[PDB]
Each structure stands twice: as C-alpha cells, then as structure tokens.
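Enquirer: Structure file work_3.cif, mmCIF, N, CA and C atoms, is pasted below:
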data_input
loop_
_atom_site.label_atom_id
_atom_site.label_comp_id
_atom_site.auth_asym_id
_atom_site.auth_seq_id
_atom_site.Cartn_x
_atom_site.Cartn_y
_atom_site.Cartn_z
N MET V 1 70.27 7.18 -7.59
CA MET V 1 69.15 6.76 -8.44
C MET V 1 67.89 6.85 -7.62
N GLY V 2 66.75 6.61 -8.23
CA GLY V 2 65.49 6.66 -7.51
C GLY V 2 64.87 8.04 -7.54
N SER V 3 63.58 8.10 -7.79
CA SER V 3 62.88 9.35 -7.85
C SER V 3 62.62 9.87 -6.42
N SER V 4 61.77 9.18 -5.69
CA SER V 4 61.46 9.57 -4.35
C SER V 4 62.65 9.25 -3.42
N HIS V 5 63.10 10.24 -2.70
CA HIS V 5 64.24 10.11 -1.82
C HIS V 5 63.72 10.09 -0.40
N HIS V 6 64.25 9.18 0.45
CA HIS V 6 63.68 8.93 1.81
C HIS V 6 62.24 8.46 1.58
N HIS V 7 62.10 7.62 0.57
CA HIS V 7 60.82 7.20 0.07
C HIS V 7 59.94 6.38 1.00
N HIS V 8 59.00 7.09 1.56
CA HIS V 8 57.88 6.58 2.33
C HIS V 8 58.23 5.63 3.50
N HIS V 9 58.25 4.30 3.28
CA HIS V 9 58.45 3.35 4.40
C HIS V 9 58.55 1.89 3.96
N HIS V 10 59.64 1.23 4.33
CA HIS V 10 59.78 -0.23 4.19
C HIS V 10 59.86 -0.75 5.63
N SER V 11 59.39 -1.93 5.88
CA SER V 11 59.44 -2.51 7.20
C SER V 11 60.57 -3.50 7.32
N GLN V 12 60.28 -4.59 7.88
CA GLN V 12 61.21 -5.59 8.23
C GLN V 12 60.58 -6.90 7.91
N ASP V 13 59.96 -6.83 6.78
CA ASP V 13 59.24 -7.83 6.13
C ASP V 13 60.15 -8.98 5.70
N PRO V 14 59.64 -10.21 5.72
CA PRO V 14 60.40 -11.40 5.34
C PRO V 14 60.43 -11.60 3.82
N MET V 15 59.35 -11.19 3.17
CA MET V 15 59.21 -11.25 1.74
C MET V 15 60.23 -10.38 1.04
N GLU V 16 60.36 -9.13 1.52
CA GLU V 16 61.31 -8.13 1.01
C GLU V 16 60.92 -7.70 -0.45
N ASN V 17 61.50 -6.63 -0.93
CA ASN V 17 61.19 -6.09 -2.26
C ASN V 17 62.20 -6.64 -3.24
N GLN V 18 62.27 -7.88 -3.24
CA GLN V 18 63.12 -8.62 -4.04
C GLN V 18 62.75 -8.61 -5.55
N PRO V 19 61.69 -9.32 -6.04
CA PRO V 19 61.23 -9.14 -7.43
C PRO V 19 60.58 -7.76 -7.65
N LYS V 20 60.91 -7.13 -8.78
CA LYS V 20 60.37 -5.92 -9.16
C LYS V 20 58.92 -6.02 -9.57
N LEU V 21 58.08 -5.77 -8.59
CA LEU V 21 56.64 -5.88 -8.50
C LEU V 21 55.81 -6.75 -9.44
N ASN V 22 56.13 -6.71 -10.66
CA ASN V 22 55.62 -7.56 -11.70
C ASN V 22 54.18 -7.23 -12.02
N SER V 23 53.81 -6.05 -11.59
CA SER V 23 52.58 -5.35 -11.99
C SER V 23 51.27 -5.87 -11.38
N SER V 24 51.35 -6.80 -10.43
CA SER V 24 50.16 -7.21 -9.67
C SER V 24 50.53 -7.88 -8.34
N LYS V 25 50.79 -9.16 -8.39
CA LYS V 25 51.01 -9.99 -7.28
C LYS V 25 52.07 -9.50 -6.35
N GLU V 26 53.26 -9.50 -6.81
CA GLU V 26 54.35 -9.14 -5.98
C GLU V 26 54.41 -7.65 -5.61
N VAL V 27 53.43 -6.88 -6.07
CA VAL V 27 53.31 -5.54 -5.63
C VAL V 27 52.44 -5.50 -4.44
N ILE V 28 51.60 -6.55 -4.20
CA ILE V 28 50.92 -6.66 -2.96
C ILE V 28 51.95 -6.81 -1.96
N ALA V 29 52.89 -7.54 -2.34
CA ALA V 29 54.01 -7.79 -1.59
C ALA V 29 54.80 -6.55 -1.27
N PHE V 30 54.93 -5.66 -2.23
CA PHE V 30 55.50 -4.40 -1.96
C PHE V 30 54.57 -3.65 -1.07
N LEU V 31 53.34 -3.68 -1.41
CA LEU V 31 52.32 -3.04 -0.66
C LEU V 31 52.38 -3.44 0.75
N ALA V 32 52.70 -4.62 0.94
CA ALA V 32 52.78 -5.21 2.22
C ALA V 32 54.06 -4.93 2.97
N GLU V 33 55.13 -4.70 2.26
CA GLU V 33 56.43 -4.44 2.88
C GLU V 33 56.45 -3.01 3.36
N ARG V 34 55.62 -2.33 2.72
CA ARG V 34 55.41 -0.99 2.81
C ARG V 34 54.32 -0.71 3.83
N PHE V 35 53.24 -1.45 3.73
CA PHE V 35 52.11 -1.33 4.58
C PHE V 35 51.81 -2.59 5.41
N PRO V 36 52.68 -2.98 6.39
CA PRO V 36 52.44 -4.07 7.37
C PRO V 36 51.00 -4.13 8.00
N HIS V 37 50.21 -3.07 7.86
CA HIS V 37 48.85 -3.09 8.39
C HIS V 37 47.84 -3.36 7.31
N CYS V 38 47.95 -2.63 6.22
CA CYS V 38 47.12 -2.80 5.09
C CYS V 38 47.28 -4.16 4.45
N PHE V 39 48.48 -4.48 4.14
CA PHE V 39 48.79 -5.57 3.36
C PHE V 39 49.58 -6.63 4.12
N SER V 40 49.65 -7.80 3.54
CA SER V 40 50.35 -8.95 4.09
C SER V 40 51.61 -9.27 3.38
N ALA V 41 51.46 -10.14 2.34
CA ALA V 41 52.44 -10.58 1.34
C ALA V 41 52.87 -11.89 1.82
N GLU V 42 52.77 -11.91 3.10
CA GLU V 42 52.88 -12.99 3.93
C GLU V 42 51.73 -13.88 3.75
N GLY V 43 50.68 -13.21 3.70
CA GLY V 43 49.45 -13.80 3.70
C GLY V 43 48.77 -13.60 2.39
N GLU V 44 47.81 -14.47 2.11
CA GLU V 44 46.97 -14.44 0.94
C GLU V 44 46.45 -13.03 0.71
N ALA V 45 45.85 -12.49 1.75
CA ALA V 45 45.27 -11.20 1.76
C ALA V 45 44.79 -10.92 3.17
N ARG V 46 44.00 -9.90 3.30
CA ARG V 46 43.41 -9.46 4.52
C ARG V 46 42.35 -8.49 4.04
N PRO V 47 41.22 -8.25 4.76
CA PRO V 47 40.24 -7.27 4.32
C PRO V 47 40.86 -5.89 4.10
N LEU V 48 40.91 -5.49 2.86
CA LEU V 48 41.45 -4.22 2.39
C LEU V 48 40.26 -3.41 1.80
N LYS V 49 40.46 -2.22 1.24
CA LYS V 49 39.43 -1.61 0.47
C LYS V 49 39.92 -1.72 -0.96
N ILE V 50 39.42 -0.96 -1.83
CA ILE V 50 40.03 -0.82 -3.13
C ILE V 50 40.39 0.59 -3.47
N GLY V 51 39.61 1.48 -2.98
CA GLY V 51 39.89 2.88 -3.19
C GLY V 51 41.11 3.32 -2.43
N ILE V 52 41.59 2.44 -1.52
CA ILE V 52 42.86 2.54 -0.93
C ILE V 52 43.91 2.78 -1.98
N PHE V 53 43.83 2.10 -3.09
CA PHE V 53 44.80 2.11 -4.10
C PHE V 53 45.35 3.50 -4.33
N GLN V 54 44.52 4.37 -4.41
CA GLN V 54 44.76 5.80 -4.54
C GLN V 54 45.70 6.39 -3.43
N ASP V 55 45.79 5.68 -2.47
CA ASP V 55 46.39 6.11 -1.21
C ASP V 55 47.65 5.56 -1.13
N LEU V 56 47.65 4.40 -1.63
CA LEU V 56 48.74 3.69 -1.89
C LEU V 56 49.48 4.49 -2.70
N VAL V 57 48.93 4.81 -3.77
CA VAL V 57 49.60 5.49 -4.84
C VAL V 57 50.26 6.76 -4.46
N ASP V 58 49.76 7.36 -3.39
CA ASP V 58 50.53 8.46 -2.77
C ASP V 58 51.97 8.01 -2.54
N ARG V 59 51.98 6.88 -1.90
CA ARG V 59 53.00 6.27 -1.24
C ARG V 59 53.69 5.27 -2.04
N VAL V 60 52.92 4.37 -2.57
CA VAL V 60 53.43 3.23 -3.13
C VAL V 60 54.23 3.33 -4.39
N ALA V 61 53.67 4.01 -5.28
CA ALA V 61 53.84 3.80 -6.61
C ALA V 61 55.20 3.62 -7.20
N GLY V 62 55.63 4.58 -7.73
CA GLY V 62 56.79 4.48 -8.57
C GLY V 62 58.06 4.72 -7.87
N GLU V 63 57.99 4.32 -6.69
CA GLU V 63 59.02 4.20 -5.77
C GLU V 63 60.01 3.17 -6.25
N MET V 64 59.46 2.04 -6.67
CA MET V 64 60.23 1.01 -7.21
C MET V 64 59.77 0.67 -8.54
N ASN V 65 58.66 0.09 -8.55
CA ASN V 65 58.17 -0.53 -9.65
C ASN V 65 56.69 -0.35 -9.92
N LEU V 66 56.14 0.82 -9.84
CA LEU V 66 54.70 0.99 -10.07
C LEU V 66 54.36 2.25 -10.83
N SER V 67 53.50 2.06 -11.73
CA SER V 67 52.91 3.05 -12.56
C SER V 67 51.39 3.17 -12.18
N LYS V 68 51.10 3.04 -10.87
CA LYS V 68 49.73 3.00 -10.25
C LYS V 68 48.87 1.87 -10.77
N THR V 69 48.66 1.77 -12.02
CA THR V 69 47.70 0.87 -12.51
C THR V 69 48.15 -0.55 -12.42
N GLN V 70 49.42 -0.69 -12.37
CA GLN V 70 50.05 -1.97 -12.19
C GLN V 70 50.15 -2.28 -10.67
N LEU V 71 49.53 -1.45 -9.92
CA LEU V 71 49.31 -1.60 -8.53
C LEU V 71 47.81 -1.76 -8.32
N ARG V 72 47.00 -1.07 -9.09
CA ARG V 72 45.55 -1.15 -8.87
C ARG V 72 45.05 -2.53 -9.26
N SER V 73 45.89 -3.22 -9.94
CA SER V 73 45.71 -4.50 -10.42
C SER V 73 46.11 -5.52 -9.41
N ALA V 74 46.92 -5.07 -8.57
CA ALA V 74 47.36 -5.84 -7.42
C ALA V 74 46.24 -5.85 -6.46
N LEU V 75 45.53 -4.84 -6.64
CA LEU V 75 44.48 -4.41 -5.88
C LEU V 75 43.19 -4.77 -6.65
N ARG V 76 43.34 -5.92 -7.28
CA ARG V 76 42.41 -6.72 -8.09
C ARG V 76 42.72 -8.13 -7.80
N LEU V 77 43.98 -8.40 -7.85
CA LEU V 77 44.55 -9.70 -7.69
C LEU V 77 44.23 -10.26 -6.38
N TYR V 78 44.81 -9.64 -5.38
CA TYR V 78 44.70 -10.19 -4.10
C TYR V 78 43.37 -9.77 -3.52
N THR V 79 42.73 -8.84 -4.21
CA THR V 79 41.41 -8.38 -3.77
C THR V 79 40.31 -9.28 -4.29
N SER V 80 40.67 -10.17 -5.18
CA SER V 80 39.77 -11.20 -5.63
C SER V 80 40.03 -12.43 -4.80
N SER V 81 40.91 -12.27 -3.81
CA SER V 81 41.13 -13.28 -2.86
C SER V 81 40.01 -13.26 -1.91
N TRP V 82 39.80 -14.35 -1.31
CA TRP V 82 38.71 -14.49 -0.38
C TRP V 82 39.09 -13.87 0.84
N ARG V 83 40.29 -14.11 1.20
CA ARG V 83 40.92 -13.65 2.44
C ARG V 83 40.87 -12.17 2.54
N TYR V 84 40.73 -11.58 1.41
CA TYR V 84 40.47 -10.23 1.29
C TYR V 84 39.08 -9.98 1.90
N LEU V 85 38.09 -10.53 1.28
CA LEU V 85 36.73 -10.36 1.74
C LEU V 85 36.26 -11.18 2.90
N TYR V 86 37.10 -11.43 3.77
CA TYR V 86 36.77 -12.02 5.00
C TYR V 86 36.14 -10.91 5.88
N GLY V 87 36.11 -9.73 5.27
CA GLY V 87 35.51 -8.59 5.80
C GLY V 87 35.04 -7.68 4.71
N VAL V 88 35.92 -7.35 3.79
CA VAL V 88 35.73 -6.27 2.85
C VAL V 88 34.38 -6.19 2.16
N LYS V 89 33.66 -5.24 2.55
CA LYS V 89 32.55 -4.74 1.83
C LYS V 89 32.43 -3.29 2.27
N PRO V 90 32.36 -3.02 3.60
CA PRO V 90 32.51 -1.70 4.14
C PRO V 90 33.96 -1.49 4.59
N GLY V 91 34.15 -0.76 5.73
CA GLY V 91 35.43 -0.39 6.30
C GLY V 91 36.16 -1.50 6.94
N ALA V 92 35.78 -2.53 6.50
CA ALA V 92 36.27 -3.87 6.77
C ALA V 92 37.69 -3.99 6.43
N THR V 93 38.05 -3.20 5.52
CA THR V 93 39.38 -2.92 5.13
C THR V 93 40.26 -2.67 6.34
N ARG V 94 39.72 -1.89 7.23
CA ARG V 94 40.41 -1.35 8.31
C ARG V 94 41.51 -0.40 7.89
N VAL V 95 41.74 -0.22 6.56
CA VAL V 95 42.80 0.60 6.09
C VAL V 95 42.61 1.38 4.72
N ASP V 96 42.90 2.53 4.90
CA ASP V 96 43.46 3.43 3.98
C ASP V 96 44.74 3.48 4.71
N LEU V 97 45.76 3.06 4.01
CA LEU V 97 47.06 2.58 4.41
C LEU V 97 47.83 3.16 5.60
N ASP V 98 47.16 3.84 6.42
CA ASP V 98 47.59 4.26 7.67
C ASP V 98 47.02 3.27 8.64
N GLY V 99 45.78 2.92 8.37
CA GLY V 99 45.08 1.95 9.14
C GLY V 99 43.72 2.45 9.70
N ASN V 100 43.01 3.18 8.86
CA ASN V 100 41.66 3.69 9.02
C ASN V 100 40.87 2.86 8.09
N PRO V 101 39.62 2.50 8.35
CA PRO V 101 38.83 1.47 7.60
C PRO V 101 38.36 1.99 6.31
N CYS V 102 39.32 2.39 5.50
CA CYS V 102 39.16 3.29 4.37
C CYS V 102 38.42 4.59 4.86
N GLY V 103 38.35 4.64 6.22
CA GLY V 103 37.78 5.68 7.05
C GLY V 103 36.31 5.73 6.91
N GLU V 104 35.89 4.70 6.35
CA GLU V 104 34.58 4.42 5.98
C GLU V 104 33.80 3.82 7.13
N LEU V 105 34.43 2.97 7.94
CA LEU V 105 33.73 2.41 8.99
C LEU V 105 34.54 2.41 10.32
N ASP V 106 33.88 2.03 11.34
CA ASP V 106 34.32 1.62 12.67
C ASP V 106 34.85 0.17 12.46
N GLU V 107 34.66 -0.68 13.37
CA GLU V 107 34.93 -2.06 13.14
C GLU V 107 33.79 -2.94 13.56
N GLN V 108 32.87 -2.38 14.24
CA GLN V 108 31.75 -3.05 14.75
C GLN V 108 30.70 -2.95 13.76
N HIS V 109 31.10 -2.44 12.63
CA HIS V 109 30.21 -2.48 11.59
C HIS V 109 30.79 -3.21 10.47
N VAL V 110 32.06 -3.28 10.50
CA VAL V 110 32.74 -4.10 9.58
C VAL V 110 32.98 -5.41 10.21
N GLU V 111 32.32 -5.47 11.26
CA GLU V 111 32.05 -6.56 12.06
C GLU V 111 31.12 -7.46 11.32
N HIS V 112 30.23 -6.85 10.62
CA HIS V 112 29.28 -7.56 9.83
C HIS V 112 29.86 -7.86 8.51
N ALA V 113 30.92 -7.26 8.28
CA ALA V 113 31.69 -7.51 7.20
C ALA V 113 32.55 -8.66 7.51
N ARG V 114 32.91 -8.69 8.74
CA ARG V 114 33.67 -9.71 9.29
C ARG V 114 32.82 -11.00 9.34
N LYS V 115 31.51 -10.87 9.02
CA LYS V 115 30.64 -11.92 9.05
C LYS V 115 30.08 -12.07 7.64
N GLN V 116 30.34 -11.08 6.76
CA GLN V 116 29.94 -11.26 5.39
C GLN V 116 30.71 -12.38 4.65
N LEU V 117 31.80 -12.80 5.21
CA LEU V 117 32.47 -13.93 4.78
C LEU V 117 31.80 -15.16 5.34
N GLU V 118 31.02 -15.01 6.41
CA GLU V 118 30.26 -16.09 6.96
C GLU V 118 28.99 -16.22 6.16
N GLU V 119 28.88 -15.36 5.21
CA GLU V 119 27.81 -15.36 4.28
C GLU V 119 28.31 -16.15 3.13
N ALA V 120 29.54 -15.81 2.80
CA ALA V 120 30.27 -16.40 1.77
C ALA V 120 30.52 -17.82 2.01
N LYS V 121 31.08 -18.07 3.09
CA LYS V 121 31.40 -19.34 3.61
C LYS V 121 30.28 -20.21 3.64
N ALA V 122 29.33 -19.78 4.29
CA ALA V 122 28.07 -20.40 4.37
C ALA V 122 27.40 -20.65 3.02
N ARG V 123 27.93 -20.05 1.96
CA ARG V 123 27.39 -20.21 0.67
C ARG V 123 28.19 -21.22 -0.06
N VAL V 124 29.37 -21.30 0.38
CA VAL V 124 30.36 -22.06 -0.28
C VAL V 124 30.27 -23.41 0.20
N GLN V 125 30.39 -23.38 1.45
CA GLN V 125 30.22 -24.35 2.40
C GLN V 125 30.33 -25.80 1.91
N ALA V 126 29.38 -26.64 2.33
CA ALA V 126 29.25 -28.00 1.93
C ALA V 126 30.38 -28.91 2.38
N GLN V 127 31.54 -28.71 1.81
CA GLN V 127 32.67 -29.36 2.10
C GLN V 127 33.22 -28.88 3.42
N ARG V 128 33.88 -29.79 4.09
CA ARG V 128 34.61 -29.52 5.26
C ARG V 128 35.61 -28.39 5.08
N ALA V 129 36.17 -28.35 3.91
CA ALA V 129 37.08 -27.39 3.51
C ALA V 129 36.41 -26.13 3.05
N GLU V 130 36.79 -25.04 3.68
CA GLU V 130 36.33 -23.72 3.39
C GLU V 130 37.24 -22.73 4.09
N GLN V 131 36.98 -22.41 5.33
CA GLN V 131 37.97 -21.69 6.06
C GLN V 131 38.64 -22.71 6.96
N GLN V 132 39.59 -23.38 6.38
CA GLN V 132 40.29 -24.43 7.04
C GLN V 132 41.77 -24.13 7.18
N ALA V 133 42.16 -22.99 6.64
CA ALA V 133 43.53 -22.51 6.65
C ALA V 133 43.52 -21.11 6.08
#
Go ahead and render the structure in this file as structure tokens.
Expert:
Amino acid sequence: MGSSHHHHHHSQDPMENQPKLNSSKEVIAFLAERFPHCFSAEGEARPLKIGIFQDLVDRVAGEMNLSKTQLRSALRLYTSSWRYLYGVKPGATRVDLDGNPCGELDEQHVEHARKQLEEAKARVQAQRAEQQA
C-alpha cells in the first residue's frame, strides 16, 4: 500500500505519525516527524515560513494523510502560534524544509526577526507572563 515508496523521511520523533494528520494540527506533527528542523510537534512551533508549505508538499503531502491544503492549514494553525513568530517575518523561518531560511534570509537578519517577537512581546507585555515558557 502507499503511493510514495521509500517516502521521503521519518525521524525518531516521540510524537510519531500516530493520528492520521487530521488536516491541520497533527500534520504539524507529521511535518515535524518528517522535518525535525522545520517543525517541532514537540513544541508549540518554531519560526517557520509559510511558503515552505509548497516544499513541504514536495515531501509531505499525501504520503500519509495530506491533500496539501490540509497541510497548508497546518501551516496556518501552528503558524498563528506565537512561537512561530518568535522570528518569522523574514528568513526567520530558517527553513524551507531542508533548513534554509526559506532561503530568504541569513540569520543575522532574521535576527531582527528574532527580535520582532520582542516587538510583540513588548506589545503584549504588561503581565509577568508572556515569554515565560
């Protein structure tokens, strides 16, 4: 069974590809089992891009449980996470799923992206609680 044979790459992820993606959340999780650099699953998120999705989709998609758009949505879900934009605006992503900053940036420029959350934070702020975990 399975369309893609010797399909791309699974790691040694703790989450594992247990639930069949479910068209958003747990596909980050796939994304992450698949892309230990790009994605977490472990984690809330990490600075990603969005146009990555397309790249993903090279790789990701209907390997298990994706019809791309039910992945691009994952790439909405966790991308609406803050933890996502703890960098993401430029190549803050650091990945087009090989691990190039969507090849868009260096890191010393997504360095400021890395501080654009300090923009966020600083906007959010007030409470002791913000980046507290």
Enquirer: Considering all atoms listed in the file, can you say which of V:50, V:32, V:110, V:117 comes closest to residue V:72?
Expert: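 Using all atoms listed in the file, residue V:72 sits closest to V:50.
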Enquirer: Please provide the set of residues having any atom within 9 Å of residue V:8, restricted to only C-alpha atoms, with same-chain residues fewer than 4 positions apart removed, written as a ChimeraX atom specification.
Expert: /V:4,34,59-60,63
Enquirer: May I have the residues from that selection written out with N, CA and C atoms, as a PDB file, in the coordinates of the input?
Expert:
ATOM      1  N   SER V   4      61.770   9.180  -5.690  1.00  0.00           N
ATOM      2  CA  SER V   4      61.460   9.570  -4.350  1.00  0.00           C
ATOM      3  C   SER V   4      62.650   9.250  -3.420  1.00  0.00           C
ATOM      4  N   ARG V  34      55.620  -2.330   2.720  1.00  0.00           N
ATOM      5  CA  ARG V  34      55.410  -0.990   2.810  1.00  0.00           C
ATOM      6  C   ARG V  34      54.320  -0.710   3.830  1.00  0.00           C
ATOM      7  N   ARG V  59      51.980   6.880  -1.900  1.00  0.00           N
ATOM      8  CA  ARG V  59      53.000   6.270  -1.240  1.00  0.00           C
ATOM      9  C   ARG V  59      53.690   5.270  -2.040  1.00  0.00           C
ATOM     10  N   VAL V  60      52.920   4.370  -2.570  1.00  0.00           N
ATOM     11  CA  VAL V  60      53.430   3.230  -3.130  1.00  0.00           C
ATOM     12  C   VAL V  60      54.230   3.330  -4.390  1.00  0.00           C
ATOM     13  N   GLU V  63      57.990   4.320  -6.690  1.00  0.00           N
ATOM     14  CA  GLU V  63      59.020   4.200  -5.770  1.00  0.00           C
ATOM     15  C   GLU V  63      60.010   3.170  -6.250  1.00  0.00           C
TER      16      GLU V  63
END
Enquirer: Which is closest to residue V:24 among V:56, V:64, V:1, V:74, if we use only C-alpha atoms?
Expert: V:74
Enquirer: Quick one, how far is atom CA of residue V:94 from atom CA of residue V:70?
Expert: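 Rounded to one decimal, the two atoms are 22.7 Å apart.
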Enquirer: Taking the file as I've supplied it (selection: the PyMOL selection byres ((chain V and resi 95) around 8)), which residues are included? Please answer as a PyMOL selection string.
Expert: chain V and resi 37-39+47-53+91-94+96-104
Enquirer: For a quick check of understanding, using only N, CA and C atoms, which of V:131, V:83, V:12, V:113 has the smallest distance to residue V:43?
Expert: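 Ranking V:131, V:83, V:12, V:113 by distance to residue V:43, first place goes to V:83.
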Enquirer: Rounded to one decimal, what separation in Å do you get between atom CA of residue V:73 and atom CA of residue V:23?
Expert: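 Atom-to-atom, atom CA of residue V:73 to atom CA of residue V:23, that is 7.1 Å.
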Enquirer: Applying the PyMOL selection byres ((chain V and resi 13) around 8) to the file I just gave you, which residues come out? Please list them as a PDB file with N, CA and C atoms, keeping the file's coordinate frame.
Expert:
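And here's out-v5.pdb as it stands now:
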ATOM      1  N   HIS V  10      59.640   1.230   4.330  1.00  0.00           N
ATOM      2  CA  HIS V  10      59.780  -0.230   4.190  1.00  0.00           C
ATOM      3  C   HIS V  10      59.860  -0.750   5.630  1.00  0.00           C
ATOM      4  N   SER V  11      59.390  -1.930   5.880  1.00  0.00           N
ATOM      5  CA  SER V  11      59.440  -2.510   7.200  1.00  0.00           C
ATOM      6  C   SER V  11      60.570  -3.500   7.320  1.00  0.00           C
ATOM      7  N   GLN V  12      60.280  -4.590   7.880  1.00  0.00           N
ATOM      8  CA  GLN V  12      61.210  -5.590   8.230  1.00  0.00           C
ATOM      9  C   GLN V  12      60.580  -6.900   7.910  1.00  0.00           C
ATOM     10  N   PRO V  14      59.640 -10.210   5.720  1.00  0.00           N
ATOM     11  CA  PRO V  14      60.400 -11.400   5.340  1.00  0.00           C
ATOM     12  C   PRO V  14      60.430 -11.600   3.820  1.00  0.00           C
ATOM     13  N   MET V  15      59.350 -11.190   3.170  1.00  0.00           N
ATOM     14  CA  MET V  15      59.210 -11.250   1.740  1.00  0.00           C
ATOM     15  C   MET V  15      60.230 -10.380   1.040  1.00  0.00           C
ATOM     16  N   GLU V  16      60.360  -9.130   1.520  1.00  0.00           N
ATOM     17  CA  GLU V  16      61.310  -8.130   1.010  1.00  0.00           C
ATOM     18  C   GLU V  16      60.920  -7.700  -0.450  1.00  0.00           C
ATOM     19  N   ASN V  17      61.500  -6.630  -0.930  1.00  0.00           N
ATOM     20  CA  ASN V  17      61.190  -6.090  -2.260  1.00  0.00           C
ATOM     21  C   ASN V  17      62.200  -6.640  -3.240  1.00  0.00           C
ATOM     22  N   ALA V  32      52.700  -4.620   0.940  1.00  0.00           N
ATOM     23  CA  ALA V  32      52.780  -5.210   2.220  1.00  0.00           C
ATOM     24  C   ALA V  32      54.060  -4.930   2.970  1.00  0.00           C
ATOM     25  N   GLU V  33      55.130  -4.700   2.260  1.00  0.00           N
ATOM     26  CA  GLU V  33      56.430  -4.440   2.880  1.00  0.00           C
ATOM     27  C   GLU V  33      56.450  -3.010   3.360  1.00  0.00           C
ATOM     28  N   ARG V  34      55.620  -2.330   2.720  1.00  0.00           N
ATOM     29  CA  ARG V  34      55.410  -0.990   2.810  1.00  0.00           C
ATOM     30  C   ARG V  34      54.320  -0.710   3.830  1.00  0.00           C
ATOM     31  N   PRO V  36      52.680  -2.980   6.390  1.00  0.00           N
ATOM     32  CA  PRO V  36      52.440  -4.070   7.370  1.00  0.00           C
ATOM     33  C   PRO V  36      51.000  -4.130   8.000  1.00  0.00           C
TER      34      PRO V  36
END
Enquirer: Between atom CA of residue V:61 and atom CA of residue V:3, what is the spacing in Å?
Expert: 10.7 Å
Enquirer: Nearest to residue V:71: which of V:126, V:132, V:112, V:22 is it, counting all atoms listed in the file?
Expert: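 Among the listed residues, the smallest separation from residue V:71 belongs to V:22.
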Enquirer: Output requested as a PDB file, keeping the file's coordinate frame - stretch 83-96 of chain V, filled out with N, CA, C and O atoms.
Expert:
ATOM      1  N   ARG V  83      40.290 -14.110   1.200  1.00  0.00           N
ATOM      2  CA  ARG V  83      40.920 -13.650   2.440  1.00  0.00           C
ATOM      3  C   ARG V  83      40.870 -12.170   2.540  1.00  0.00           C
ATOM      4  O   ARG V  83      40.943 -11.592   3.627  1.00  0.00           O
ATOM      5  N   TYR V  84      40.730 -11.580   1.410  1.00  0.00           N
ATOM      6  CA  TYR V  84      40.470 -10.230   1.290  1.00  0.00           C
ATOM      7  C   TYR V  84      39.080  -9.980   1.900  1.00  0.00           C
ATOM      8  O   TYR V  84      38.939  -9.413   2.947  1.00  0.00           O
ATOM      9  N   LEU V  85      38.090 -10.530   1.280  1.00  0.00           N
ATOM     10  CA  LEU V  85      36.730 -10.360   1.740  1.00  0.00           C
ATOM     11  C   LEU V  85      36.260 -11.180   2.900  1.00  0.00           C
ATOM     12  O   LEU V  85      35.082 -11.468   3.034  1.00  0.00           O
ATOM     13  N   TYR V  86      37.100 -11.430   3.770  1.00  0.00           N
ATOM     14  CA  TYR V  86      36.770 -12.020   5.000  1.00  0.00           C
ATOM     15  C   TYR V  86      36.140 -10.910   5.880  1.00  0.00           C
ATOM     16  O   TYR V  86      35.756 -11.107   7.021  1.00  0.00           O
ATOM     17  N   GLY V  87      36.110  -9.730   5.270  1.00  0.00           N
ATOM     18  CA  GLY V  87      35.510  -8.590   5.800  1.00  0.00           C
ATOM     19  C   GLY V  87      35.040  -7.680   4.710  1.00  0.00           C
ATOM     20  O   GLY V  87      33.898  -7.305   4.673  1.00  0.00           O
ATOM     21  N   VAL V  88      35.920  -7.350   3.790  1.00  0.00           N
ATOM     22  CA  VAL V  88      35.730  -6.270   2.850  1.00  0.00           C
ATOM     23  C   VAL V  88      34.380  -6.190   2.160  1.00  0.00           C
ATOM     24  O   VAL V  88      34.045  -6.985   1.263  1.00  0.00           O
ATOM     25  N   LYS V  89      33.660  -5.240   2.550  1.00  0.00           N
ATOM     26  CA  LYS V  89      32.550  -4.740   1.830  1.00  0.00           C
ATOM     27  C   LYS V  89      32.430  -3.290   2.270  1.00  0.00           C
ATOM     28  O   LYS V  89      32.504  -2.390   1.436  1.00  0.00           O
ATOM     29  N   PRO V  90      32.360  -3.020   3.600  1.00  0.00           N
ATOM     30  CA  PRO V  90      32.510  -1.700   4.140  1.00  0.00           C
ATOM     31  C   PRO V  90      33.960  -1.490   4.590  1.00  0.00           C
ATOM     32  O   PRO V  90      34.887  -2.037   3.968  1.00  0.00           O
ATOM     33  N   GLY V  91      34.150  -0.760   5.730  1.00  0.00           N
ATOM     34  CA  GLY V  91      35.430  -0.390   6.300  1.00  0.00           C
ATOM     35  C   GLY V  91      36.160  -1.500   6.940  1.00  0.00           C
ATOM     36  O   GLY V  91      37.007  -1.375   7.795  1.00  0.00           O
ATOM     37  N   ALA V  92      35.780  -2.530   6.500  1.00  0.00           N
ATOM     38  CA  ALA V  92      36.270  -3.870   6.770  1.00  0.00           C
ATOM     39  C   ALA V  92      37.690  -3.990   6.430  1.00  0.00           C
ATOM     40  O   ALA V  92      38.406  -4.803   7.000  1.00  0.00           O
ATOM     41  N   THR V  93      38.050  -3.200   5.520  1.00  0.00           N
ATOM     42  CA  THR V  93      39.380  -2.920   5.130  1.00  0.00           C
ATOM     43  C   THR V  93      40.260  -2.670   6.340  1.00  0.00           C
ATOM     44  O   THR V  93      41.389  -3.152   6.456  1.00  0.00           O
ATOM     45  N   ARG V  94      39.720  -1.890   7.230  1.00  0.00           N
ATOM     46  CA  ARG V  94      40.410  -1.350   8.310  1.00  0.00           C
ATOM     47  C   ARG V  94      41.510  -0.400   7.890  1.00  0.00           C
ATOM     48  O   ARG V  94      42.154   0.144   8.734  1.00  0.00           O
ATOM     49  N   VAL V  95      41.740  -0.220   6.560  1.00  0.00           N
ATOM     50  CA  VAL V  95      42.800   0.600   6.090  1.00  0.00           C
ATOM     51  C   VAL V  95      42.610   1.380   4.720  1.00  0.00           C
ATOM     52  O   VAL V  95      42.135   0.904   3.670  1.00  0.00           O
ATOM     53  N   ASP V  96      42.900   2.530   4.900  1.00  0.00           N
ATOM     54  CA  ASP V  96      43.460   3.430   3.980  1.00  0.00           C
ATOM     55  C   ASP V  96      44.740   3.480   4.710  1.00  0.00           C
ATOM     56  O   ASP V  96      44.727   3.650   5.924  1.00  0.00           O
TER      57      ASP V  96
END
